[PDB]
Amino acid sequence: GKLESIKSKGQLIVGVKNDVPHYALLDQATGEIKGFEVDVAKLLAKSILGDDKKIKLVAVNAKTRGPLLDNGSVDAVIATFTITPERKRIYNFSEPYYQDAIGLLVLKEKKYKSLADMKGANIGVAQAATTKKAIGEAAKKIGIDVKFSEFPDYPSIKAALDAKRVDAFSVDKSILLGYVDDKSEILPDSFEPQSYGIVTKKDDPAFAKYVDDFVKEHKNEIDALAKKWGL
């Protein structure tokens, strides 16, 4: 299995985001995705193959990352993949390497000050993301009703926000920072913390152990990488 196939290919294939500043953001001038998560991926490649250059990055989103893991087209996913009990039944997750929290991105012209001002709001969320469940509960805890519109990817939610087809775009603040602009704002409110793990197909206990041990045993190096990226 899986460590052996990686050695045989001579390459670790990792699914990463391409739109998250400081974590994994495509630098279009160089055609390379750069950030903390990419640096963690390179450290894992170095651990397995002895060389951080022996890696291939595949851009994924919340919808596509699962299927690419399922069919073996990536070996691991390091792509803001929130650990949840439901997801742990489907995939293996390492212990967390970082944590963020869900936020709300809204047009400045709405003059929303907090979620409490958003009764009746249509909130745009991604298909396959944790967001709908978390914001629903946040809203219920302060006694307001909201509705949701689901989208296949993040650029489409931002376009919906700009067109006023939704009243807010909700997801991890890490991701919202990749979409905020002069006409919009991320509210100060923070919601359910999102703990991110390195995700592997449930195929292979040995590889899951390797990856979990990696996060634990390279914790200091990973934390230093977070600092280098401003995290």
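Start at 1 and count along the sequence shown; that's the residue number.
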Which of the two stretches, 145-153 or 75-83, shows the higher mean Cα temperature factor in the record? 145-153
Averaging the C-alpha B factors as listed in the entry, name the stretch that ends up higher: 193-201 or 180-188. 180-188
Please work out which residue in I55, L44, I175, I33 has the highest C-alpha B-factor recorded for this crystal structure. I55
Sort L104, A128, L107, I135 by C-alpha B-factor from the entry and give me just the highest. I135
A29, C-alpha B-factor rank within chain (lowest, middle or highest third): middle
Based on the deposited C-alpha B factors for this chain, I'd like to know if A163 is in the lowest, middle or highest third. highest
Could you say whether, by C-alpha temperature factor, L49 belongs to the lowest, middle or highest third of its chain? highest
Lowest, middle or highest third of the chain for the C-alpha temperature factor of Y98? middle
For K140, the third of its chain by CA B-factor is the lowest
